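Considered here are two forms of the same protein chain, supplied as structure tokens in two stand-alone entries, structure 1 and structure 2.
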Structure 1
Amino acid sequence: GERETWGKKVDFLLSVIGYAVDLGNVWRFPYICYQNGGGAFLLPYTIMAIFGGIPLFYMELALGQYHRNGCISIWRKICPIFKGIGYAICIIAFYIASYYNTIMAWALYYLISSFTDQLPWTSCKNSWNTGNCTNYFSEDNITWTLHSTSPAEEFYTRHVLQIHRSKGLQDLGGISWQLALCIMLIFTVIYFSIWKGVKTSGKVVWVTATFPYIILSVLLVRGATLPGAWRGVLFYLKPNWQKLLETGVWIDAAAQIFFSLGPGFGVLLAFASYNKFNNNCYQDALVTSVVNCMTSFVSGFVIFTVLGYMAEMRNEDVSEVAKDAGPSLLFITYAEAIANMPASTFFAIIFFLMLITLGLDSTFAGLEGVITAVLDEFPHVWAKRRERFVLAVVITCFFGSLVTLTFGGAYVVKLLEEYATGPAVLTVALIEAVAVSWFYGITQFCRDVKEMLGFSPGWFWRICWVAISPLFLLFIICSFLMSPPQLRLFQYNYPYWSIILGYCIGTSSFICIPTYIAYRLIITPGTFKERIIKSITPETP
């Protein structure tokens, strides 16, 4: 009855870095970087990383390595009353599996369609393009008027998404069968990557987490060699210290770092719960976080060296080219850039392969975190049939992802992307931090870390765990709850009932912790004071 330790330390390191670096690093980081300063956004980014990001990452890595019980059942040794964090994380994982794998299916569809001598998003001659189409890079003879479109945007919104057949979340109509097949392939790959446990998932990661870096290096070389990349990099790094004063830039930096490291999802607990007890978690936490941050920086460089090239081609400012916010920056913008590259039909393939692989390992990590939590919590029914319950998890994830594959499924992608994993995960991480620091002793936790590694964490880590880190998490959550979003994917301003539905998604994930607190308080006997005292201390079997 021993845990299946990692085959090598490199297995754990590569798994964690593959989890941390995801599709968000590619479109979200450069986007939020230029929107809030450029090189002036790198001062708040690193400050938030040092003060709130690394502490949580390291804390939960050490916690998982010491208690080594996953997410649901690890609270039996920290603070039993907070066992609802595991179920909240399970629900959040359900939503993330609903939308993330659909995005990966879009990437796979692009990769499959990019096996032709002429890429299908180059001209408007196709049968999906409308009368608003005009070549993006053609001469000024064809002006952009006020409502002109580009071949790649129509390829993305009328052929791949078929968003034009749906008129919002009101009629989430039909289902693209091509995207269904693509997501089925994605899910079979996912299942066969993690079905046997960590032994096989640590060896699949060897490629799935290192291949994106090779593709990023080649793409960066190409973008640097492009004419006009200097515009892009200069617009990416040119600091705007005036933008620093507003609290919005710091808010965005803190949120970006927290969601990039991805603590509080129960997956770092699952990963750290496998490597040896005496393994060094401080060093690997530091190196993994540094690698993740540098990867975000280099991915932003890759994106902007091409954004500036495209802006130079049209003789326009780089600001007028990057207004594409989310995945449109990769499926419309970078697709247009690739279509005009000299050796096209090869950069498209590697670009979409990097996208699919760097999403594939974040999916592996999340699903493995959920699986580890459930297996640890219920070893009497599961943990004998490791093959099973991963088939069930993948099947339910696919079923929940079916609504995201409909014709109006990109709207659901964006609704889940903003509300699922919103103030729900942030509150979960805050509750975990308070449960490990305040409720569970901090002197006790540092004693555990000392017994595990060999030295007690320094005063900086202690202060960050106690006050600064939960304070920053609360500052991020308070930011989100004040501003209601104004989602707008493709000329579709979302309705108010959609905002209410998103708030309901947020409530559903977080309506596990309070209900479990109430249930646990009811179950235990004695007066209220002793009822909470008993429910607060670890069981200590």
Structure 2
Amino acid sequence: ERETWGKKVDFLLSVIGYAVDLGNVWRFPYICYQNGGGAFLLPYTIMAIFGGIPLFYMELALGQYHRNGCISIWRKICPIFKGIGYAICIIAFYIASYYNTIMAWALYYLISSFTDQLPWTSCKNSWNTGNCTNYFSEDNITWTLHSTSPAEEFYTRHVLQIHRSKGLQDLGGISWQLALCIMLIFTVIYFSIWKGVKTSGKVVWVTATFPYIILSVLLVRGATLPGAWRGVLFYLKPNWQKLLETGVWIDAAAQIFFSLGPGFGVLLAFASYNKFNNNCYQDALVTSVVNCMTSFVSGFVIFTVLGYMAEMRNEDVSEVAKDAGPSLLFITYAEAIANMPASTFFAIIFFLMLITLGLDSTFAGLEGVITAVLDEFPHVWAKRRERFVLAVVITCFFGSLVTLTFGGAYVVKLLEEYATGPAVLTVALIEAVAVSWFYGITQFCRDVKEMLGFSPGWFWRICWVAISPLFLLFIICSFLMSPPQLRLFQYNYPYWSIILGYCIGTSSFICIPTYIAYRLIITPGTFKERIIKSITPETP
């Protein structure tokens, strides 16, 4: 028999810690500022109500009924789409390649914070070149275009050492400091998810609830600051005319789908361990509302601190938050923390928040892949979950050996934009179409009624058959036609970077058509018999 969760709060906190991550602490406030303001919460809630939330509930109920991973459920839903599972696996190898190393940066920052004076306050250090001017109106104020804040120098010349990498063309060298700081992270991850869901479910009691104990302290500190009101009044001020631009809705859809994550193959893995009669409706509602409210509150703390630091300089906002990426956590917020009264305590606390914020998501992705593979091939890797988790962790670390180089930030951005792009959305769209159209939403509603005790309402069937595919289609058709012009640390990505990104995404996607061709060509029969007997779920 499978290994059930052992306690319901284990499942709740696992999903809650997987939904909240290092992205929505820097990505949601930046996105809310850039795309409107308080007028972005309307498209956020509109694309959450009809978008991420019904897909979230669909995946949870599907996994909890079929009791399989993401490579084996398709044996009893639509056998031709089994390739989806493989695609999901590949996607993890990309995300776990870069996501982990971001936490590595955080860990290094935390190791740097154990000093009486934080290293990114003064700029008389070794890595700190000219063009500093000490920032924050320190002594003589001659802030020019060539000047650079000390935290920027610390991030891009000590933690990253990106100045010894000419660019994405030459990723010269490799940081041994970051290599150690990520070997420790992978040790933590593997020893937290190795024994399965009986240990990875009690670990997330302290890495999915510590970020809240830390957000509370960070919020109470930020709110009682000089310049908090300007930091919030520039976060919730509605640019209503911004709603008229399709980009705002496109971005709200992308944000909700990539913060809830309905389609990465992890919700099925977590829900498959649930008891049969477990209420997935209440779990989906609670762990989606908690995700959305956590994103909102994290935006509050980020913007209150930003407003404080912009009021200290007595200069306007939107030039403080120039950088659109993890730099915001390591260059801007680190600066504002370094100017706080008890700078050391809040630096340590903030980077502990970041590490515990990313750890749950890494646990969840890795365990989704582990469950999928452990269930697809049950005879091999049965009494050896530990060895397979070891192989998964080693493979992820070896794939993360490139983002640890000096041009590490370049590959981190390249994997951040691609990999998790139209490939993930296409996989999720094929999942929604396979369950709702092929397996039939009437049979899915019969399954959900025999589990929960009530058939899904008309809203759920309408949002599963029609609106949710017509939402992933919106995101996909809007990501493909508009190609990004990537940039990071005054580096214009080359021509071949977009080709490399397209190949990165296609490597993930091509798992689906390949398996479709394989199954249609190996199956005996005529021209139509192949598809008719490859759509019907396999008899037990």
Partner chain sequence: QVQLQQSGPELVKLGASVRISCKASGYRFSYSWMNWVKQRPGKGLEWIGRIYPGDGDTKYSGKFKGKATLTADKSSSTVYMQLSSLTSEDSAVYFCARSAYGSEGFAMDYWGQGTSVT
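Between two forms, the rigid core is the largest collection of C-alphas that superpose within 1.5 Å. Counting starts at 1 and follows the sequence of structure 1.
Working note: structure 2 is the copy from the form deposited without the partner chain; the remaining copy is not.
For the residues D171, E451, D140, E246, superposed on the rigid core between structures 1 and 2, a C-alpha shift of 2 angstroms or more shows up only at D140. Core-superposed comparison between structures 1 and 2: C124 shows a Cα shift of 1.1 Å.
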